[PDB]
Structures are given as structure tokens and as C-alpha cells.
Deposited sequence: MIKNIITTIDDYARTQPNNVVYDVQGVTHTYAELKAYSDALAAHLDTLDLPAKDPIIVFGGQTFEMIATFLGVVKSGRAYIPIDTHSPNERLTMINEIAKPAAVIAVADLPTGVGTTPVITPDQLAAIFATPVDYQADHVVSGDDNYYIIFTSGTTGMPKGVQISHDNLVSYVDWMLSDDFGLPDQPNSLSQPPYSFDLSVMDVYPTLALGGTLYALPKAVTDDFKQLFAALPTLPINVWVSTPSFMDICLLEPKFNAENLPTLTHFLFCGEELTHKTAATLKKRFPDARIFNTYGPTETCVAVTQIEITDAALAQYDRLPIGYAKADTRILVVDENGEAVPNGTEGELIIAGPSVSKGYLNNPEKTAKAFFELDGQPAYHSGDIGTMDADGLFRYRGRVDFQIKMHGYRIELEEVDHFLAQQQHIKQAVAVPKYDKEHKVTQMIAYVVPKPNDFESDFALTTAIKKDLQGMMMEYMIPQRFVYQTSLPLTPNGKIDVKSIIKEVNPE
């Protein structure tokens, strides 16, 4: 009913199930609740400015996920920033978001002004300080859960925003396995990482993470992939083009893989077809959606029949609870098959950009009493409700 409670509950029912694995380093669902309980208790002690979000700075280690959960457990949203982003990223966001604190899962490469910092050693000490924690004031409802920055703009995603997204991924559109084993390659500063983080966590699965050092080195990456017992794949189409440079990337060397999930770029017919050849018995999905409406809002299963019917791959069909439509420069409905701007309304739409009211007023509006978003995207929709992506209004 609350995603934090769902995840905490897996600590009680499957304490010893592995939840995270980085190149052979593993942690359990029990240690995840214990770490995030310990962090939350500690933040409760600091009397931090309430609502004010916390920046979480780091790469792809377990502590990243543990830290997120302790922050939302404390009542506040987390802002994830990746180690391999330039230093001014952390300076800009700190200046725009005015966070209550920065938690340095990885060492900060630069200072963050007056924002208090918890060092990696201090964080280590907190996680090793077990508490018996009442999670009585966790993030819930319309309150900010994460703020992911795209200038860069801080997309505020509430708890209920994320559940609209998560519920869709757990539905029969995708048929994800129970307790999935999922790849975690997109850095957590990126929206797409959510597509593997929270559907796996809601389902009690396990995250098999790749640090950037591995993806920076095709030798290492090609060597690493067969060692991961993953069922669910999440990445950009371009990253899959890299992995397909390996003839060995196929169902015989990766027998556990059953679901491929792509977002963030156009999936070319050549990429989907090479992959259909490599993994003929898997299910492949194209998805699309702006960060401002929580990860994705359309999907289409690229079946054999899809590959033969479509040259360019469509972006698919809307979530049941999300209303999508195509309008012209005046905000008026555009006929089926005519190009216009894609408008998105429903429960996953962000309440707006943090500390940027001018962008929020231009992009976000209300549609029949639902929050609605101007994507910058041109596309089409036929009468069957199938969407296609056709460029940007910019």
C-alpha cells in the first residue's frame, strides 16, 4: 500500500533473500531494511528543515539504494546524482534545489556550500548502528519521493506518482516474473534506472548492478554479462547495440533472460530484429515517456508480428490510467494520424519543477481535473490508440 512498507515487509518474510549484487558483493533484504532504518533514525535526529530534499551522490553500489530508502523513510525526497557526472552538476543542483543535506555514498569531488554532508565513512558508521525503527512518517501520498534532474530541471515525483508507474510495470502488459532478477545498468541519476529499481523491489527480486568501470571496458562488460542470472533487461536501445557487438550475447549464453525493456531513445527495427534473432523466446518491449510523467507511459511488445508489420517501431499504447492525446499549437485535438504535440494527463504526472515556477507554469496544466503535461514531443495516434514518435517541437 506504501512502497516503503512493501519493501520493509520483504525484510520480514524473506530476510535472507539477496536484494543486491555488484560483481559478487551481495546484500539481503534484511540488511536493506536495517541500513535504511538506521539512516532514517539518524536523519530524524538531525532535525533537518522538514520537506527539504536530500542529495544522494554516488555510483551503483548497494548503499545507493539503502540511502534512498532511509531518506524516503525519514519523510523527505532524495535527489540522486551520479559520480561520473561533471563537478558542476553537483554544484548546480545544490544551488537550485537548496537541499537539507548531501549524503556522499561516493566522496564528493567538490564542496556543496553550506549544505551539510555525511561522509562515506560516517554513512558506513550509521548503517552499522542498528535501530528498532517505527516507520511512522515515511514519504506517502502526494509528497515528493524522488526529484530527478533532467538547464537541468528538478522533476518532483511523489509517492503516488511512482505507484502509478510501478503498478503498470507489475501488470499483465509486461508479465514480469515474481522475484525477478534484473539488470541495473542505467545510473540512478537517470529516470530509466527506476524501471528496474522499483519493479524489482516491489516484486521481491534482486538487482544485478554494473558499475560504470565495467561498461567503460567492453572486455569487462562482455565478460560480466554471462555471469549475471538476470531475467529482466532494462536499458537504452543504444546500450543494447553495444552488447550486440558480442556474438556470444544470446539465449544460449544468457538462458535466464526473458524480458527486454527499452526506453529513452528510438528502438530501431535493426536493433529489435538482431535481438529477436539472439533471444527468439524472450519478450521485448519498446516504451516511452517523459521524466515529468514518471519513467514511461506507453509500451508495445515487439512481437514477430510487430516486426513484420512495422518498419519504424511505434512507441505503443498508453497505460490504462494515463490519458494521452495529440494536439495542435492551440491545444486542440488533432485528427488520428495527424502530427501534433503529445499531451499527458493522469496520476503519474509530476507536480512540477523544483524551485523553477516559470518552467512549471509553461509545461504543466490541468485537464478535466487531472494534472497534465506538455511533452516536447511530436507524434501520432491512430484510432486503435497506437502512438508513434515523430520528433520534437523544439
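Gaps between the deposited sequence and the modelled structure occur at positions 1 to 2, 153 to 157, 402 to 508.
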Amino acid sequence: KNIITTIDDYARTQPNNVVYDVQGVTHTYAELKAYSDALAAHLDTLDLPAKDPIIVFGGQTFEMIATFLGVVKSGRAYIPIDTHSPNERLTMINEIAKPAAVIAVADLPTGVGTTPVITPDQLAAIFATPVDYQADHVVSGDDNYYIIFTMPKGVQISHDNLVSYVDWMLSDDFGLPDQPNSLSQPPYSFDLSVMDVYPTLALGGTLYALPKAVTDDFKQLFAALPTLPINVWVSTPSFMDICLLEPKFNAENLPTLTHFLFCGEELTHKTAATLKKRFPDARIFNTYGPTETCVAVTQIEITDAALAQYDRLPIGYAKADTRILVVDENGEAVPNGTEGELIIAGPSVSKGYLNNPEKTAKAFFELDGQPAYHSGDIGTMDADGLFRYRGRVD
From here on, numbers count along this sequence of modelled residues.
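Stretches 347 to 355 and 48 to 56 differ in mean C-alpha B factor, with the higher average recorded for 48 to 56. When the mean C-alpha temperature factors of 84 to 92 and 99 to 107 are read from the deposited coordinates, 84 to 92 comes out higher. Across the residues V232, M195, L307, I79, the deposited record lists the maximum Cα B factor for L307. Of the candidates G264, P187, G316, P180, it is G264 whose Cα B-factor is highest according to the PDB record.
In this PDB entry, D136 carries a Cα temperature factor that places it within the highest third of its chain's modelled residues. Among the modelled residues of the chain, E329 sits in the highest third by CA temperature factor in this PDB entry.
Among the modelled residues of its chain, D172 has a C-alpha B-factor that falls in the highest third according to the deposited record.
Among all modelled residues in its chain, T380 ranks in the middle third by Cα B-factor. The PDB entry assigns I7 a C-alpha temperature factor belonging to the lowest third of its chain's modelled residues.
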